[PDB]
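A.B. asks: Structure below; questions to follow.
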2 protein chains.
Amino acid sequence: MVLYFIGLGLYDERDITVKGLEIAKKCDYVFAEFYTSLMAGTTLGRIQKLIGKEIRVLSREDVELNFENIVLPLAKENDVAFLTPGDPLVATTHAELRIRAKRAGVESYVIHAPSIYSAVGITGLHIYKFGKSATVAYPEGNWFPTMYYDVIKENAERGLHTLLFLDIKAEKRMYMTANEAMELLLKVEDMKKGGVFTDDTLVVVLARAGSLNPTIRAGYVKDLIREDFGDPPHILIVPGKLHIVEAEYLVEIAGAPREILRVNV
Amino acid sequence: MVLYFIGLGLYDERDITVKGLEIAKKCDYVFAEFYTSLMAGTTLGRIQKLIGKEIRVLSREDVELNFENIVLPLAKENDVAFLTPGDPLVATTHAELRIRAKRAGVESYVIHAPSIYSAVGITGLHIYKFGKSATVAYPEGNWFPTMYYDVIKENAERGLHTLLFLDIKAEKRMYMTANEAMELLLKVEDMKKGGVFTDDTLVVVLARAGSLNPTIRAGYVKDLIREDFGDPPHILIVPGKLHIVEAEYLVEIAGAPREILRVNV
Ligand SMILES: Nc1ncnc2c1ncn2[C@@H]1O[C@H](CSCC[C@H](N)C(=O)O)[C@@H](O)[C@H]1O
Ligand code: NA
C-alpha cells in the first residue's frame, strides 16, 4: 500500500515523534538502517520494544543497491516503514529512494524527527548564520580528502558559521571524534597554508545532541584538540564572526574563554 | 529545580517527540509561547489535551521582559516545561533564556523536535548546499527592507540554496504567502536590477511541512507566482545550481518542468 520514511531522532528511541510512533506501530513491515548516523542512547531492542515490531536492519548495500528489491515489493500490498537515525532526508541520499518508490508505483510519506542540522541551535549560534556545510572524511589509502577546508574558508570569509559533519564507518563501528577532525584540519592547514584552521581558531563541539546532558564546548583548537568530549557522535563547528549574544552564550553555557566577549567590530 | 525547553515540532500536536511529551506530562507547570511561530495543524486545546496539563501561554513581553519572574520562580522548586513550536533555540532570542536560568540557579535541558531547517530536506535539495538563511518582511510606509535579496544573491553566487522564511504576524495569525513573497522579490529585482530574482528564476515552495500531505512545488516564478499552494505556513526556497539528483527529485516529486534538467543543472 504505502511506504513511510520515519526519522528516529538524535539520541534514543524516544526522539521519534509521536506521529512517527503511532504510524510505525500500525505498519505491517518495518525496515531500518543505522549506518548514516549513530544513536548513542538506545539499542535495536529498545526501538523494537517501543514500536512493538521486529525491525529488519538493512546495510548500505541493501539500501543503495537493492531498496527496490527488498523494501518496495512489500510496500505494494502492505503498509511499510523505513526508519533512520535523525531526520531521514538530512545529510543522506535517502531522498532519491522516494523516486524509486514512485517508479515502483508506491506512494511514500515522510515523518520528520529531530536532526543534528537544527539541533546545533543548542550551541547558541544563530542558525540562520550557517553557510555551506561539509563532511570531514577519514583519509583512506593515498586518498586524503580536503575539500571541507575550502568550505570553511568561503564561509568564514562571509562571516558565516561552518557545520562539519564527522565521518562514520558503522560496520567497523568507527565514529570520528571532534579531536580527530581537528587533527586532520591542522594537517590540511599545513599543506594549504590558507590560515583557515590553526591552533588559535575558535571552534565549537557538540557531542551526543539529543541526550539530556550533551557536551557543548567552545574554545581555541590548541586547548580543545586533546580534550575529552565523551562518547560519539560528535560534530565540529567553526564559527564565523560572532554576534555578542552568541559569544555570551558560548561563554556562559559552553565554557568558552571570556575574552571572546570582546568582539572586534 | 529543573526547566525543560521542549520543541513542539512542525505542524500538529503529534509532532512533539515521545521524549518531549513524556517529560511535559511529569512537569508540575507547563508554559508555552506562540509569538515566534504558530502550530498551523492544531490548536492549544488539542495540545493541552494530549499533554493532559493546563498550559499557560506567554506573550513576547511575558518572556523577553519577565521570563525570570513568571517561569523561573516555579522552576526553583518544581519541574517546569516551556513549549515552543519547532526546535527550541532555533528562534534566535531563546538561547539567552538558558543564561537567565543559570543566573537564577535553575538547571535547564533541551528536548529537540523537528525544525523547518532540517524539514526542508523533503524538497530533495541537499542540506549541505544551503547557505545563509533569511526572512522576507512586508514593506511598511516609507520602509522597504530588501536585505533578503542580497542574501539570495550571495548564496546563488556561490552555488548555494537560500531558505527564505516568510513574514508572520503570530499574534494576528496572519501569514505571508509564497505568492506575496515572489511578488515582493520581483519588486526588489526591479529596484536593484541584480538579475537575482526574475520570471525565469527557479524556486521551490514547501507548504505545511510536518503534515502527512505537505505541498511541494518547484518551477519558474512566471508559472508559480499565482499558483495556489494551499493553507500556510509557506516556505520559499531559491535553489542554487542543482546537482542532477536534486533536479530529478524536483521533477519527479515536486512536479517541476523537465526543463530544469538542462537549464538549472
Ligand atoms: N546526536 C548527535 N550528536 C552529535 N553529532 C551528531 C548527532 N547525530 C548526528 N551527528 C553528526 O552527523 C553525522 C551523521 S550525518 C546523518 C544525519 C541525520 N540524518 C540527522 O538528521 O541528524 C554524524 O557522523 C555526526 O557527526
Ligand atoms: Na542553514
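If you're wondering about the labels, chains in the C-alpha cells are A, B, ... by order shown, residues count from 1 in each chain, ligands from 1 in order shown.
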Grab me every residue within 12 Å of ligand 2, counting only C-alpha atoms and all ligand atoms, and send it over as a PDB file with N, CA, C and O atoms, in the first residue's frame.

C.D. replies:
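Just written: selection-v6.pdb:
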ATOM      1  N   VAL A  90      18.138  14.237   5.808  1.00  0.00           N
ATOM      2  CA  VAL A  90      19.159  15.228   6.120  1.00  0.00           C
ATOM      3  C   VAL A  90      20.548  14.590   6.080  1.00  0.00           C
ATOM      4  O   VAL A  90      20.832  13.654   6.819  1.00  0.00           O
ATOM      5  N   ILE A 116      20.467  16.733  13.694  1.00  0.00           N
ATOM      6  CA  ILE A 116      21.660  17.445  14.138  1.00  0.00           C
ATOM      7  C   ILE A 116      21.730  18.806  13.436  1.00  0.00           C
ATOM      8  O   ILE A 116      22.170  19.802  14.017  1.00  0.00           O
ATOM      9  N   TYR A 117      21.265  18.855  12.191  1.00  0.00           N
ATOM     10  CA  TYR A 117      21.296  20.101  11.436  1.00  0.00           C
ATOM     11  C   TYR A 117      20.582  21.250  12.162  1.00  0.00           C
ATOM     12  O   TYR A 117      21.018  22.399  12.074  1.00  0.00           O
ATOM     13  N   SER A 118      19.491  20.961  12.872  1.00  0.00           N
ATOM     14  CA  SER A 118      18.803  22.025  13.603  1.00  0.00           C
ATOM     15  C   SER A 118      19.194  21.993  15.077  1.00  0.00           C
ATOM     16  O   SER A 118      19.166  23.020  15.761  1.00  0.00           O
ATOM     17  N   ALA A 119      19.571  20.813  15.564  1.00  0.00           N
ATOM     18  CA  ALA A 119      19.980  20.661  16.960  1.00  0.00           C
ATOM     19  C   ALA A 119      21.161  21.566  17.323  1.00  0.00           C
ATOM     20  O   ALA A 119      21.351  21.902  18.497  1.00  0.00           O
ATOM     21  N   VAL A 120      21.956  21.960  16.328  1.00  0.00           N
ATOM     22  CA  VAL A 120      23.101  22.836  16.589  1.00  0.00           C
ATOM     23  C   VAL A 120      22.658  24.142  17.248  1.00  0.00           C
ATOM     24  O   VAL A 120      23.477  24.900  17.781  1.00  0.00           O
ATOM     25  N   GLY A 121      21.356  24.409  17.208  1.00  0.00           N
ATOM     26  CA  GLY A 121      20.842  25.615  17.833  1.00  0.00           C
ATOM     27  C   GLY A 121      21.174  25.655  19.322  1.00  0.00           C
ATOM     28  O   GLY A 121      21.203  26.730  19.932  1.00  0.00           O
ATOM     29  N   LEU A 125      24.653  29.452  18.686  1.00  0.00           N
ATOM     30  CA  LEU A 125      24.998  30.115  17.431  1.00  0.00           C
ATOM     31  C   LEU A 125      23.713  30.330  16.633  1.00  0.00           C
ATOM     32  O   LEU A 125      22.860  29.447  16.591  1.00  0.00           O
ATOM     33  N   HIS A 126      23.571  31.497  16.007  1.00  0.00           N
ATOM     34  CA  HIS A 126      22.373  31.784  15.217  1.00  0.00           C
ATOM     35  C   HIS A 126      22.345  30.821  14.034  1.00  0.00           C
ATOM     36  O   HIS A 126      23.252  30.816  13.194  1.00  0.00           O
ATOM     37  N   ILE A 127      21.292  30.016  13.960  1.00  0.00           N
ATOM     38  CA  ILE A 127      21.185  29.036  12.897  1.00  0.00           C
ATOM     39  C   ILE A 127      21.086  29.630  11.484  1.00  0.00           C
ATOM     40  O   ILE A 127      21.480  28.976  10.515  1.00  0.00           O
ATOM     41  N   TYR A 128      20.586  30.861  11.356  1.00  0.00           N
ATOM     42  CA  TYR A 128      20.482  31.488  10.034  1.00  0.00           C
ATOM     43  C   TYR A 128      21.868  31.918   9.514  1.00  0.00           C
ATOM     44  O   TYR A 128      22.044  32.159   8.310  1.00  0.00           O
ATOM     45  N   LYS A 129      22.838  32.016  10.424  1.00  0.00           N
ATOM     46  CA  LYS A 129      24.203  32.420  10.076  1.00  0.00           C
ATOM     47  C   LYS A 129      25.098  31.284   9.579  1.00  0.00           C
ATOM     48  O   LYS A 129      26.279  31.501   9.280  1.00  0.00           O
ATOM     49  N   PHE A 130      24.560  30.072   9.503  1.00  0.00           N
ATOM     50  CA  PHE A 130      25.364  28.968   8.996  1.00  0.00           C
ATOM     51  C   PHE A 130      25.414  29.024   7.471  1.00  0.00           C
ATOM     52  O   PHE A 130      24.433  29.390   6.816  1.00  0.00           O
ATOM     53  N   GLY A 131      26.569  28.683   6.911  1.00  0.00           N
ATOM     54  CA  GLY A 131      26.712  28.688   5.470  1.00  0.00           C
ATOM     55  C   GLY A 131      26.718  27.269   4.944  1.00  0.00           C
ATOM     56  O   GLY A 131      26.053  26.385   5.497  1.00  0.00           O
ATOM     57  N   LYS A 132      27.464  27.047   3.872  1.00  0.00           N
ATOM     58  CA  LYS A 132      27.564  25.720   3.290  1.00  0.00           C
ATOM     59  C   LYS A 132      28.113  24.771   4.358  1.00  0.00           C
ATOM     60  O   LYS A 132      28.912  25.171   5.203  1.00  0.00           O
ATOM     61  N   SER A 133      27.670  23.520   4.331  1.00  0.00           N
ATOM     62  CA  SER A 133      28.142  22.539   5.294  1.00  0.00           C
ATOM     63  C   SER A 133      29.057  21.558   4.575  1.00  0.00           C
ATOM     64  O   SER A 133      29.067  21.501   3.347  1.00  0.00           O
ATOM     65  N   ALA A 134      29.828  20.792   5.341  1.00  0.00           N
ATOM     66  CA  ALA A 134      30.740  19.816   4.758  1.00  0.00           C
ATOM     67  C   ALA A 134      30.914  18.622   5.679  1.00  0.00           C
ATOM     68  O   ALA A 134      30.421  18.605   6.810  1.00  0.00           O
ATOM     69  N   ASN A 155      33.003  30.238   3.811  1.00  0.00           N
ATOM     70  CA  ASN A 155      32.015  30.672   4.799  1.00  0.00           C
ATOM     71  C   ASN A 155      32.583  31.750   5.718  1.00  0.00           C
ATOM     72  O   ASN A 155      31.983  32.814   5.884  1.00  0.00           O
ATOM     73  N   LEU A 160      30.128  33.661   7.976  1.00  0.00           N
ATOM     74  CA  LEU A 160      29.179  32.584   8.242  1.00  0.00           C
ATOM     75  C   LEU A 160      29.805  31.422   9.017  1.00  0.00           C
ATOM     76  O   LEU A 160      31.015  31.193   8.930  1.00  0.00           O
ATOM     77  N   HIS A 161      28.971  30.695   9.764  1.00  0.00           N
ATOM     78  CA  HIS A 161      29.421  29.540  10.541  1.00  0.00           C
ATOM     79  C   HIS A 161      29.464  28.314   9.637  1.00  0.00           C
ATOM     80  O   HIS A 161      28.679  28.204   8.692  1.00  0.00           O
ATOM     81  N   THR A 162      30.380  27.394   9.930  1.00  0.00           N
ATOM     82  CA  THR A 162      30.507  26.167   9.143  1.00  0.00           C
ATOM     83  C   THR A 162      30.231  24.945  10.008  1.00  0.00           C
ATOM     84  O   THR A 162      30.902  24.731  11.019  1.00  0.00           O
ATOM     85  N   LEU A 163      29.238  24.155   9.612  1.00  0.00           N
ATOM     86  CA  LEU A 163      28.892  22.933  10.327  1.00  0.00           C
ATOM     87  C   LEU A 163      29.660  21.791   9.673  1.00  0.00           C
ATOM     88  O   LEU A 163      29.576  21.600   8.461  1.00  0.00           O
TER      89      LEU A 163
ATOM     90  N   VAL B  90      16.068  27.547  17.990  1.00  0.00           N
ATOM     91  CA  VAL B  90      16.213  27.949  16.592  1.00  0.00           C
ATOM     92  C   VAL B  90      15.742  29.391  16.416  1.00  0.00           C
ATOM     93  O   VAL B  90      16.246  30.156  15.601  1.00  0.00           O
ATOM     94  N   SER B 115      12.555  20.851  12.955  1.00  0.00           N
ATOM     95  CA  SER B 115      12.556  22.261  12.612  1.00  0.00           C
ATOM     96  C   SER B 115      12.479  22.359  11.087  1.00  0.00           C
ATOM     97  O   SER B 115      12.842  21.421  10.383  1.00  0.00           O
ATOM     98  N   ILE B 116      12.005  23.483  10.571  1.00  0.00           N
ATOM     99  CA  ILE B 116      11.919  23.642   9.125  1.00  0.00           C
ATOM    100  C   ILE B 116      13.330  23.606   8.514  1.00  0.00           C
ATOM    101  O   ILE B 116      13.498  23.216   7.358  1.00  0.00           O
ATOM    102  N   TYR B 117      14.338  23.987   9.301  1.00  0.00           N
ATOM    103  CA  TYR B 117      15.719  23.974   8.819  1.00  0.00           C
ATOM    104  C   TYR B 117      16.129  22.592   8.338  1.00  0.00           C
ATOM    105  O   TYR B 117      16.832  22.467   7.334  1.00  0.00           O
ATOM    106  N   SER B 118      15.694  21.556   9.056  1.00  0.00           N
ATOM    107  CA  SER B 118      16.008  20.191   8.657  1.00  0.00           C
ATOM    108  C   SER B 118      14.891  19.628   7.790  1.00  0.00           C
ATOM    109  O   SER B 118      15.152  18.876   6.850  1.00  0.00           O
ATOM    110  N   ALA B 119      13.648  20.008   8.089  1.00  0.00           N
ATOM    111  CA  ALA B 119      12.496  19.529   7.322  1.00  0.00           C
ATOM    112  C   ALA B 119      12.556  19.852   5.825  1.00  0.00           C
ATOM    113  O   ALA B 119      11.988  19.119   5.010  1.00  0.00           O
ATOM    114  N   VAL B 120      13.236  20.935   5.454  1.00  0.00           N
ATOM    115  CA  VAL B 120      13.305  21.271   4.028  1.00  0.00           C
ATOM    116  C   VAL B 120      14.009  20.198   3.212  1.00  0.00           C
ATOM    117  O   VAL B 120      14.076  20.248   1.991  1.00  0.00           O
ATOM    118  N   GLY B 121      14.603  19.234   3.932  1.00  0.00           N
ATOM    119  CA  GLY B 121      15.236  18.126   3.231  1.00  0.00           C
ATOM    120  C   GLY B 121      14.225  17.421   2.313  1.00  0.00           C
ATOM    121  O   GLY B 121      14.583  16.730   1.364  1.00  0.00           O
ATOM    122  N   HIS B 126      19.901  19.052  -1.380  1.00  0.00           N
ATOM    123  CA  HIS B 126      20.915  18.629  -0.416  1.00  0.00           C
ATOM    124  C   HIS B 126      21.069  19.655   0.701  1.00  0.00           C
ATOM    125  O   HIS B 126      21.281  20.840   0.446  1.00  0.00           O
ATOM    126  N   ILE B 127      20.962  19.193   1.941  1.00  0.00           N
ATOM    127  CA  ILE B 127      21.068  20.086   3.090  1.00  0.00           C
ATOM    128  C   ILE B 127      22.387  20.849   3.161  1.00  0.00           C
ATOM    129  O   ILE B 127      22.405  22.026   3.530  1.00  0.00           O
ATOM    130  N   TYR B 128      23.490  20.193   2.803  1.00  0.00           N
ATOM    131  CA  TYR B 128      24.786  20.857   2.880  1.00  0.00           C
ATOM    132  C   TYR B 128      24.928  22.027   1.904  1.00  0.00           C
ATOM    133  O   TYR B 128      25.777  22.896   2.107  1.00  0.00           O
ATOM    134  N   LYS B 129      24.098  22.056   0.859  1.00  0.00           N
ATOM    135  CA  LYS B 129      24.200  23.130  -0.143  1.00  0.00           C
ATOM    136  C   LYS B 129      23.440  24.413   0.274  1.00  0.00           C
ATOM    137  O   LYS B 129      23.511  25.444  -0.381  1.00  0.00           O
ATOM    138  N   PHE B 130      22.708  24.374   1.384  1.00  0.00           N
ATOM    139  CA  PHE B 130      22.020  25.577   1.833  1.00  0.00           C
ATOM    140  C   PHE B 130      23.047  26.555   2.391  1.00  0.00           C
ATOM    141  O   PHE B 130      24.014  26.152   3.034  1.00  0.00           O
ATOM    142  N   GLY B 131      22.840  27.837   2.121  1.00  0.00           N
ATOM    143  CA  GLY B 131      23.748  28.854   2.606  1.00  0.00           C
ATOM    144  C   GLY B 131      23.097  29.643   3.720  1.00  0.00           C
ATOM    145  O   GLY B 131      22.363  29.086   4.531  1.00  0.00           O
ATOM    146  N   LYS B 132      23.370  30.942   3.763  1.00  0.00           N
ATOM    147  CA  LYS B 132      22.797  31.810   4.782  1.00  0.00           C
ATOM    148  C   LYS B 132      21.289  31.864   4.570  1.00  0.00           C
ATOM    149  O   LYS B 132      20.819  31.842   3.434  1.00  0.00           O
ATOM    150  N   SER B 133      20.536  31.929   5.661  1.00  0.00           N
ATOM    151  CA  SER B 133      19.082  31.980   5.576  1.00  0.00           C
ATOM    152  C   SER B 133      18.570  33.393   5.844  1.00  0.00           C
ATOM    153  O   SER B 133      19.274  34.221   6.427  1.00  0.00           O
ATOM    154  N   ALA B 134      17.345  33.669   5.412  1.00  0.00           N
ATOM    155  CA  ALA B 134      16.774  34.994   5.609  1.00  0.00           C
ATOM    156  C   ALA B 134      15.257  34.964   5.756  1.00  0.00           C
ATOM    157  O   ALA B 134      14.617  33.928   5.578  1.00  0.00           O
ATOM    158  N   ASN B 155      24.395  33.759  -1.893  1.00  0.00           N
ATOM    159  CA  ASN B 155      24.354  32.298  -1.869  1.00  0.00           C
ATOM    160  C   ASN B 155      24.398  31.727  -3.282  1.00  0.00           C
ATOM    161  O   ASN B 155      25.251  30.894  -3.597  1.00  0.00           O
ATOM    162  N   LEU B 160      24.932  28.030  -3.786  1.00  0.00           N
ATOM    163  CA  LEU B 160      24.221  27.575  -2.589  1.00  0.00           C
ATOM    164  C   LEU B 160      22.719  27.897  -2.637  1.00  0.00           C
ATOM    165  O   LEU B 160      22.305  28.852  -3.300  1.00  0.00           O
ATOM    166  N   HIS B 161      21.917  27.099  -1.929  1.00  0.00           N
ATOM    167  CA  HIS B 161      20.469  27.299  -1.856  1.00  0.00           C
ATOM    168  C   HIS B 161      20.123  28.298  -0.746  1.00  0.00           C
ATOM    169  O   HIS B 161      20.809  28.361   0.281  1.00  0.00           O
ATOM    170  N   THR B 162      19.053  29.070  -0.943  1.00  0.00           N
ATOM    171  CA  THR B 162      18.634  30.037   0.067  1.00  0.00           C
ATOM    172  C   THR B 162      17.264  29.694   0.646  1.00  0.00           C
ATOM    173  O   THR B 162      16.267  29.631  -0.079  1.00  0.00           O
ATOM    174  N   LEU B 163      17.224  29.465   1.956  1.00  0.00           N
ATOM    175  CA  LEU B 163      15.974  29.163   2.640  1.00  0.00           C
ATOM    176  C   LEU B 163      15.381  30.505   3.063  1.00  0.00           C
ATOM    177  O   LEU B 163      16.021  31.283   3.773  1.00  0.00           O
ATOM    178  N   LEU B 164      14.162  30.784   2.623  1.00  0.00           N
ATOM    179  CA  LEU B 164      13.524  32.047   2.972  1.00  0.00           C
ATOM    180  C   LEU B 164      12.292  31.849   3.839  1.00  0.00           C
ATOM    181  O   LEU B 164      11.346  31.165   3.446  1.00  0.00           O
ATOM    182  N   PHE B 165      12.325  32.437   5.030  1.00  0.00           N
ATOM    183  CA  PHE B 165      11.198  32.386   5.949  1.00  0.00           C
ATOM    184  C   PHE B 165      10.276  33.521   5.523  1.00  0.00           C
ATOM    185  O   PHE B 165      10.740  34.601   5.162  1.00  0.00           O
ATOM    186  N   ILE B 237      12.081  28.707  -1.233  1.00  0.00           N
ATOM    187  CA  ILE B 237      13.495  28.405  -1.400  1.00  0.00           C
ATOM    188  C   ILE B 237      13.953  28.776  -2.806  1.00  0.00           C
ATOM    189  O   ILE B 237      13.283  28.455  -3.792  1.00  0.00           O
TER     190      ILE B 237
END

A.B. asks: Extract the full set of alpha helix (DSSP H) residues from segment 52-170 of chain B according to DSSP on the backbone, and format it as a PyMOL selection string.

C.D. replies: chain B and resi 60-70+72-75+95-103+116-119+147-157

A.B. asks: What does the distance between atom CA of residue 49 of chain A and atom CA of residue 112 of chain A come to in Å, to one decimal place?

C.D. replies: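 We find that atom CA of residue 49 of chain A and atom CA of residue 112 of chain A lie 20.5 Å from each other.
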
A.B. asks: Counting only C-alpha atoms, which of B:102, B:26, B:192, B:14 gets nearest to residue 114 of chain B?

C.D. replies: B:14

A.B. asks: Need the shell around residue 212 of chain B: protein/DNA/RNA residues with any atom at most 9 Å away, counting only C-alpha atoms. Skip same-chain ones fewer than 3 positions apart. Format as a PyMOL selection string?

C.D. replies: (chain A and resi 109-111) or (chain B and resi 208-209)

A.B. asks: Do you know which residues are within 8 Å of ligand 1 using only C-alpha atoms and all ligand atoms? Can you write them as a compact mmCIF listing (two decimals) with N, CA and C atoms, in the first residue's frame?

C.D. replies:
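Output (pocket02.txt):
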# COMPACT_ATOMS: atom_id res chain seq x y z
N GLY A 7 11.90 9.22 10.72
CA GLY A 7 13.10 9.53 11.46
C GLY A 7 12.97 9.09 12.91
N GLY A 9 15.26 10.24 15.24
CA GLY A 9 15.80 11.27 16.10
C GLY A 9 17.28 11.18 16.41
N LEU A 10 17.71 12.06 17.31
CA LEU A 10 19.10 12.23 17.69
C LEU A 10 19.86 11.27 18.60
N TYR A 11 19.23 10.82 19.69
CA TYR A 11 19.96 10.01 20.66
C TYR A 11 19.35 8.66 21.07
N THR A 36 23.95 5.68 8.59
CA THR A 36 24.09 7.10 8.27
C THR A 36 24.40 7.95 9.49
N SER A 37 24.13 7.41 10.68
CA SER A 37 24.41 8.15 11.90
C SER A 37 24.41 7.20 13.08
N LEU A 38 24.82 7.70 14.24
CA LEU A 38 24.86 6.89 15.45
C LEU A 38 23.93 7.43 16.53
N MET A 39 23.03 6.57 17.01
CA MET A 39 22.10 6.91 18.08
C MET A 39 22.72 6.26 19.31
N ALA A 40 23.57 7.02 20.00
CA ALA A 40 24.30 6.51 21.16
C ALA A 40 23.53 6.22 22.44
N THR A 84 15.22 5.60 10.16
CA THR A 84 16.61 6.06 10.09
C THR A 84 16.91 6.96 11.27
N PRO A 85 18.20 7.10 11.63
CA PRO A 85 18.57 7.97 12.75
C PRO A 85 18.28 9.41 12.32
N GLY A 86 18.12 10.32 13.28
CA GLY A 86 17.85 11.72 12.97
C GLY A 86 16.70 11.90 12.00
N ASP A 87 16.86 12.79 11.02
CA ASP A 87 15.83 13.01 10.01
C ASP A 87 16.27 12.21 8.79
N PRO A 88 15.35 11.43 8.21
CA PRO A 88 15.59 10.58 7.03
C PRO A 88 16.28 11.23 5.84
N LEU A 89 15.93 12.48 5.55
CA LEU A 89 16.48 13.16 4.38
C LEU A 89 17.52 14.24 4.63
N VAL A 90 18.14 14.24 5.81
CA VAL A 90 19.16 15.23 6.12
C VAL A 90 20.55 14.59 6.08
N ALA A 91 21.41 15.10 5.21
CA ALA A 91 22.77 14.58 5.08
C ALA A 91 22.79 13.08 4.77
N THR A 92 21.84 12.65 3.95
CA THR A 92 21.74 11.31 3.42
C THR A 92 21.39 11.41 1.94
N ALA A 113 11.93 13.99 12.25
CA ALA A 113 12.34 13.78 13.63
C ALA A 113 13.47 14.77 13.89
N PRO A 114 13.80 15.02 15.17
CA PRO A 114 14.89 15.97 15.43
C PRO A 114 16.16 15.58 14.66
N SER A 115 16.87 16.60 14.16
CA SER A 115 18.08 16.42 13.36
C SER A 115 19.25 17.25 13.88
N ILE A 116 20.47 16.73 13.69
CA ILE A 116 21.66 17.44 14.14
C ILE A 116 21.73 18.81 13.44
N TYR A 117 21.27 18.85 12.19
CA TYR A 117 21.30 20.10 11.44
C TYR A 117 20.58 21.25 12.16
N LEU A 164 30.39 21.03 10.48
CA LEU A 164 31.17 19.91 9.94
C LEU A 164 30.67 18.57 10.44
N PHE A 165 30.01 17.84 9.55
CA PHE A 165 29.52 16.51 9.86
C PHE A 165 30.79 15.69 9.97
N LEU A 166 30.85 14.77 10.93
CA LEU A 166 32.05 13.95 11.09
C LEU A 166 31.81 12.55 10.52
N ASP A 167 32.88 11.93 10.05
CA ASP A 167 32.80 10.62 9.43
C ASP A 167 32.30 9.49 10.33
N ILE A 168 31.79 8.44 9.70
CA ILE A 168 31.27 7.28 10.40
C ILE A 168 31.40 6.03 9.54
N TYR A 175 33.60 5.94 14.76
CA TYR A 175 32.90 7.22 14.71
C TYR A 175 33.94 8.31 14.94
N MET A 176 34.12 9.18 13.96
CA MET A 176 35.11 10.24 14.05
C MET A 176 34.79 11.24 15.16
N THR A 177 35.79 11.50 16.00
CA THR A 177 35.63 12.43 17.11
C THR A 177 36.04 13.83 16.66
N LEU A 206 29.86 19.74 19.78
CA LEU A 206 28.57 19.31 20.29
C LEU A 206 28.60 17.80 20.20
N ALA A 207 28.54 17.14 21.35
CA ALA A 207 28.58 15.68 21.38
C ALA A 207 27.32 15.10 21.99
N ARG A 208 26.76 14.11 21.31
CA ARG A 208 25.56 13.43 21.76
C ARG A 208 24.36 14.37 21.93
N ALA A 209 24.09 15.17 20.90
CA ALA A 209 22.94 16.07 20.91
C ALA A 209 21.75 15.12 21.06
N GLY A 210 20.71 15.56 21.76
CA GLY A 210 19.55 14.69 21.94
C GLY A 210 19.50 14.14 23.35
N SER A 211 20.66 13.89 23.95
CA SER A 211 20.72 13.38 25.31
C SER A 211 20.36 14.55 26.23
N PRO A 214 24.13 16.79 26.80
CA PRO A 214 25.14 16.71 25.74
C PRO A 214 26.38 17.51 26.15
N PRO A 232 30.91 9.28 21.13
CA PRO A 232 30.35 9.81 19.89
C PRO A 232 28.83 9.69 19.96
N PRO A 233 28.11 10.29 18.99
CA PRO A 233 28.66 11.05 17.87
C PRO A 233 29.01 12.49 18.24
N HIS A 234 29.92 13.08 17.46
CA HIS A 234 30.36 14.45 17.65
C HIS A 234 30.20 15.21 16.35
N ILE A 235 30.07 16.53 16.43
CA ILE A 235 30.04 17.37 15.25
C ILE A 235 30.96 18.52 15.62
N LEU A 236 31.65 19.07 14.63
CA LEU A 236 32.55 20.17 14.88
C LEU A 236 32.02 21.38 14.11
N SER B 118 15.69 21.56 9.06
CA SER B 118 16.01 20.19 8.66
C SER B 118 14.89 19.63 7.79

A.B. asks: Segment 22-129 of chain A: which residues are strand (DSSP E or B) by DSSP, as a count of residues only?

C.D. replies: 19

A.B. asks: Could you work out how far atom CA of residue 30 of chain B lies from atom CA of residue 95 of chain B, giving the answer in Å with one decimal?

C.D. replies: 18.7 Å

A.B. asks: Pick from B:229, B:143, B:249, B:5: nearest to chain A, with only C-alpha atoms counted?

C.D. replies: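 Going through B:229, B:143, B:249, B:5 one by one, the smallest distance to chain A is for B:249.
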
A.B. asks: Using only C-alpha atoms, determine which residues lie at most 8 Å from residue 107 of chain A, disregarding the query and same-chain residues fewer than 3 positions distant; provide the list as a PDB file with N, CA, C and O atoms, in the first residue's frame.

C.D. replies:
ATOM      1  N   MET A   1       0.826  -1.240   0.000  1.00  0.00           N
ATOM      2  CA  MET A   1       0.000   0.000   0.000  1.00  0.00           C
ATOM      3  C   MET A   1       0.847   1.272   0.000  1.00  0.00           C
ATOM      4  O   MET A   1       0.892   1.995  -0.999  1.00  0.00           O
ATOM      5  N   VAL A   2       1.531   1.537   1.111  1.00  0.00           N
ATOM      6  CA  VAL A   2       2.342   2.745   1.223  1.00  0.00           C
ATOM      7  C   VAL A   2       3.680   2.555   1.948  1.00  0.00           C
ATOM      8  O   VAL A   2       3.858   1.604   2.713  1.00  0.00           O
ATOM      9  N   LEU A   3       4.616   3.467   1.689  1.00  0.00           N
ATOM     10  CA  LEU A   3       5.935   3.436   2.324  1.00  0.00           C
ATOM     11  C   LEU A   3       6.179   4.708   3.131  1.00  0.00           C
ATOM     12  O   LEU A   3       6.051   5.823   2.621  1.00  0.00           O
ATOM     13  N   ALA A 101      10.519   4.743  -5.205  1.00  0.00           N
ATOM     14  CA  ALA A 101       9.188   4.378  -4.742  1.00  0.00           C
ATOM     15  C   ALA A 101       8.182   4.733  -5.837  1.00  0.00           C
ATOM     16  O   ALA A 101       7.363   3.905  -6.231  1.00  0.00           O
ATOM     17  N   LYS A 102       8.257   5.964  -6.332  1.00  0.00           N
ATOM     18  CA  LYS A 102       7.354   6.412  -7.385  1.00  0.00           C
ATOM     19  C   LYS A 102       7.383   5.446  -8.563  1.00  0.00           C
ATOM     20  O   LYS A 102       6.356   4.883  -8.930  1.00  0.00           O
TER      21      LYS A 102
END

A.B. asks: From the options A:32, A:81, A:251, A:256, which residue's atoms come nearest to chain B, counting only C-alpha atoms?

C.D. replies: A:251

A.B. asks: Which is closer to chain B than all the others in A:17, A:66, A:264, A:108, using only C-alpha atoms?

C.D. replies: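 Ranked by minimum distance to chain B, first place goes to A:17.
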
A.B. asks: For atom CA of residue 100 of chain B and atom CA of residue 238 of chain A, determine how far apart the two atoms are, in Å to one decimal place.

C.D. replies: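 Calculated distance between atom CA of residue 100 of chain B and atom CA of residue 238 of chain A is 25.8 Å.
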
A.B. asks: Taking 2 positions as the minimum chain separation for residues in the same chain, which residues sit within 9 Å of residue 201 of chain A when counting only C-alpha atoms? Answer as a PyMOL selection string.

C.D. replies: chain A and resi 196-199+203+219-222+238
